[PDB]
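Fold and geometry: a report
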Amino acid sequence: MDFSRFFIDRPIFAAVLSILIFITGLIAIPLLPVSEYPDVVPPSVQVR
Amino acid sequence: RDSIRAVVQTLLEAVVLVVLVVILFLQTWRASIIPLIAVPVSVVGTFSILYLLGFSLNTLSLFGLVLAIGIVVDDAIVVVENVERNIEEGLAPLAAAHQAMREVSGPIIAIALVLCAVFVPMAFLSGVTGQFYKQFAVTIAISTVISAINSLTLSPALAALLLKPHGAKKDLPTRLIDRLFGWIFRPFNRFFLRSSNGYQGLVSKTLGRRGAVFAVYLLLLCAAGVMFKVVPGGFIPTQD
Amino acid sequence: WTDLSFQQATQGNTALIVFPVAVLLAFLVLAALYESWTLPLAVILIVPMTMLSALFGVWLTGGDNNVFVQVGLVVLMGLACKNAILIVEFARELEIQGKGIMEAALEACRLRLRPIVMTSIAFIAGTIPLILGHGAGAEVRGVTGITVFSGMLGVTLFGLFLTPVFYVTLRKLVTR
Ligand SMILES: CCCCCCCCCCCCO[C@@H]1O[C@H](CO)[C@@H](O[C@H]2O[C@H](CO)[C@@H](O)[C@H](O)[C@H]2O)[C@H](O)[C@H]1O
Ligand SMILES: CCCCCCCCCCCCO[C@@H]1O[C@H](CO)[C@@H](O[C@H]2O[C@H](CO)[C@@H](O)[C@H](O)[C@H]2O)[C@H](O)[C@H]1O
């Protein structure tokens, strides 16, 4: 609770931390590939 | 090859000059030691991390190293300016270092963090221009982090042991510099005092006429913009 | 299109989301250090001032804003950032020790005056070897050196003068 003790007396620090997390996620979303399902289709090789 | 020699030449230069500067301001052989150790082990240490991230020595990365030695020195100076200023206000060198790092320690990690905040995103720029920026940025940022670790661990400690209380006695080294190079010590220490005093006078008046300071900063930033777009753009400059 | 012209024609401009993301990121860190949403602007708002100054060296010469001088510009404004950060934190801590805002900023400038000038004079003494000497890549080393001179001059002058004005201005509209 000394962790929380430090943070409640420094609320701007807490806001900054939550905003940093939110910002990294916000810049991550456009970078992520949009598919249906994770990659589970097994790769195959054709020999002709 | 030339770039390599540059990165070593400048480094030794960066040592020599910095030690001169400290003996001019913190006039003791004691303090001059510690940036002489601080700035090499930083830049050289950079190489290790540069290896782990798969980079290579090249004109651009070594250029970034040459740029980064400067912030490395700057950290060393701030640390020992503060510790010897503690000794000046009359603290034992160990307690001097304690108070000094209480004053600037958490700052230093904050400035390392903001420097990373401005430098690391440069590695994700686009275009071959961006791939050059990437070498510059990564080299500078890892040098910043290593230099901050050095400024928080080795430099303050080495100040604590190396430096003794002010006055004490100008020792063998210190007596040598005192006699030999007291040639030009005093005139410009006292000129520095007078220039200081003028400085707080100037700020004290400007802190009264803050509206005019805002008025010049305005349209100075407009000149900055027009000049950002009239000075030629940025691409790789051709060389012999 | 072909070659690097083709790469230009297909590449995007991620700087338009790299520069802002950097800026506020620094802001966020400073906001945590100062415990203030406004005190960071004491540092940030002075860094475009050094840029012009450094850039002015190129206008002195007639060179170009090639990638090397661009990274040099960013580096010197980072140095300006660190100077401003340290003096601003010193002023704020002085205020926490019972001093008024204006005398705190005055005395913070007073304490930090010496380290800034010694760092800058060390650099500007290392700058003269960066307009002559021996070795190749002369265009690169030069186009960095002239800027480095003018930019360090701007760094010191505008830190030591604007940051106290910016600090006192910013802190007057939050104490009511
Ligand atoms: C849709 C939202 C999605 C993005 C979410 C990101 C998380 C957002 C969290 C940040 C919340 C706002 O952050 C919060 O701002 C307030 C108001 O300025 C700060 O408060 C500050 O100003 C107030 C004045 O009102 C003072 O009383 C206080 O001492 C001071 O800390 C808080 O210390 C900070 O925690
Ligand atoms: C506190 C320390 C700071 C550390 C924080 C680091 C923050 C880094 C964020 C930099 C800004 C994000 O910038 C992001 O760069 C990526 C590079 O992958 C760009 O991405 C671009 O190249 C990638 C990789 O080839 C492609 O997959 C993508 O389709 C394309 O848009 C994004 O368009 C941009 O959103």
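Rules behind the numbers
Residues numbered from 1 in each chain as written, not as in the entry; some residues may be left out. Chains lettered and ligands numbered in written order. Part of a larger assembly, values for the part shown. Heavy atoms only, no water. Helix = DSSP H or I, 4+ residues; strand = E, 2+ residues; numbered from the N terminus. Buried < 20%, exposed > 50% of the residue type's maximum accessible area, 1.4 Å probe, protein only. Areas by Shrake-Rupley, 256 points an atom, 1.4 Å probe, with all protein chains shown as cover. Near = heavy atom within 4 Å. Polar contact = N/O pair within 3.5 Å; in protein donor to acceptor, adjacent residues only side chain to side chain. Nonpolar A, V, L, I, M, F, W, Y, C, P; charged D, E, K, R; others polar. Salt bridge = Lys/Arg side-chain N within 4 Å of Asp/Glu carboxyl O. Contact = heavy atoms within 4.5 Å. Expected span 1.5 Å × (residues − 1). Buried area = accessible area lost by both parts, 1.4 Å probe.

For this entry, the PDB record names X-ray crystallography as the structure determination method and reports a resolution of 2.75 Å.

As named in the PDB entry, chain B is Efflux pump membrane transporter, taken from Klebsiella pneumoniae.

The name the PDB entry gives chain A is Efflux pump membrane transporter, with Klebsiella pneumoniae as the organism.

**Some thoughts on the overall build of chain A**
Looking only at helices and strands, chain A has two helices and zero strands in total. Dimensions of chain A along its principal axes, counting C-alpha atoms only, are 70 × 25 × 15 Å. Out of the 48 residues in chain A, the part that is buried amounts to 8%. Looking at chain A as shown, the accessible area adds up to about 4,800 Å², and 68% of this sits on carbon and sulfur atoms.

**Observations regarding the site of ligand 1**
All residues in the neighbourhood of ligand 1 are listed as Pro 11, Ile 12, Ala 15, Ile 19 and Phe 22 of chain A together with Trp 37 of chain C. Nearby residues around ligand 1 are contributed by chains A and C. Backbone polar atom of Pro 11 of chain A to an oxygen atom of ligand 1: 3.4 Å apart, as the coordinates give it. Between ligand 1 and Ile 12 of chain A there is a distance of 3.5 Å, counted from an oxygen atom to a backbone nitrogen or oxygen. Protein chains shield 32% of the accessible area of ligand 1, which is 770 Å² for the free molecule. Here the shell around ligand 1 is built from residues that sort into six nonpolar, no polar and no charged.

**Points about the pattern of salt bridges**
Oppositely charged side chains are able to pair whenever their charged atoms sit close together. All names here are of chain B. Within this structure, the stated rule accounts for nine salt bridges over all chains. Linking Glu 89 and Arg 85 is a salt bridge whose minimum nitrogen-to-oxygen distance equals 2.8 Å. One end of the pair is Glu 89 and the other is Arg 85, both in helix α3 (residues 59–89) and four residues apart, which spans about a single turn. The class for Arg 85 is buried, based on a relative accessible area of 11%.

**Notes on the site of ligand 2**
For ligand 2, the full set of nearby residues is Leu 31 of chain A, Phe 124 of chain B together with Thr 14, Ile 17 and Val 18 of chain C. Near ligand 2, the surrounding residues are drawn from chains A, B and C. Relative to its unbound accessible surface of 780 Å², ligand 2 loses 53% to contact with the protein. Across the shell around ligand 2, the residue classes break down as four nonpolar, one polar and no charged.

**Some details on the interface of chain C and chain A**
Contacts between the two partners involve eleven residues from chain C and, on the opposite side, ten residues from chain A. Connecting chain C to chain A are one salt bridge. The salt bridge involving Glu 35 of chain C is made with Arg 10 of chain A; its shortest N-O contact spans 3.3 Å. Where chain C packs against chain A, one counts four residue pairs in polar contact. Class assignment of the residues belonging to the side of chain C that touches chain A gives a composition of eight nonpolar, one polar and two charged.

**As for helix α5 (residues 67–96) of chain C**
Residues and elements named next belong to chain C. Helix length check: α5 (30 residues) gives 43 Å between terminal C-alpha atoms against 44 Å at 1.5 Å per residue, within 8%. Of all 30 residues that make up α5, 26 are buried, and the element is covered over most of its length. The backbone nitrogen of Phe 68 has a side-chain oxygen 3.0 Å away, supplied by the residue at the start of α5, namely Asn 66. Immediately beyond the C-terminal end of α5, within one or two residues, lies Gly 98, with a positive phi of roughly 105 degrees.

**Things to note about the interface of chain C and chain B**
Contacts between chain C and chain B engage 75 residues on the former and 74 residues on the latter. In total, chain C and chain B occlude about 6,900 Å² of area from one another, counting both sides; carbon and sulfur atoms represent 78% of this. For chain C, the biggest contributors to the area lost against chain B are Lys 82, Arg 114 and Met 118 of chain C; these three give 10% of the whole. Where chain C touches chain B, the interface holds three salt bridges. The shortest N-O distance in the salt bridge between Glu 88 of chain B and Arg 114 of chain C comes to 3.8 Å. The interface formed by chain C and chain B includes eleven residue pairs in polar contact. Only α1 (3–10), α2 (15–34), α4 (47–61), α5, α6 (101–127) and α7 (138–172) of chain C provide two or more residues apiece to the side of chain C that touches chain B. If you tally residues by element for the side of chain C that touches chain B, the top one is α6 of chain C, at 17 residues.

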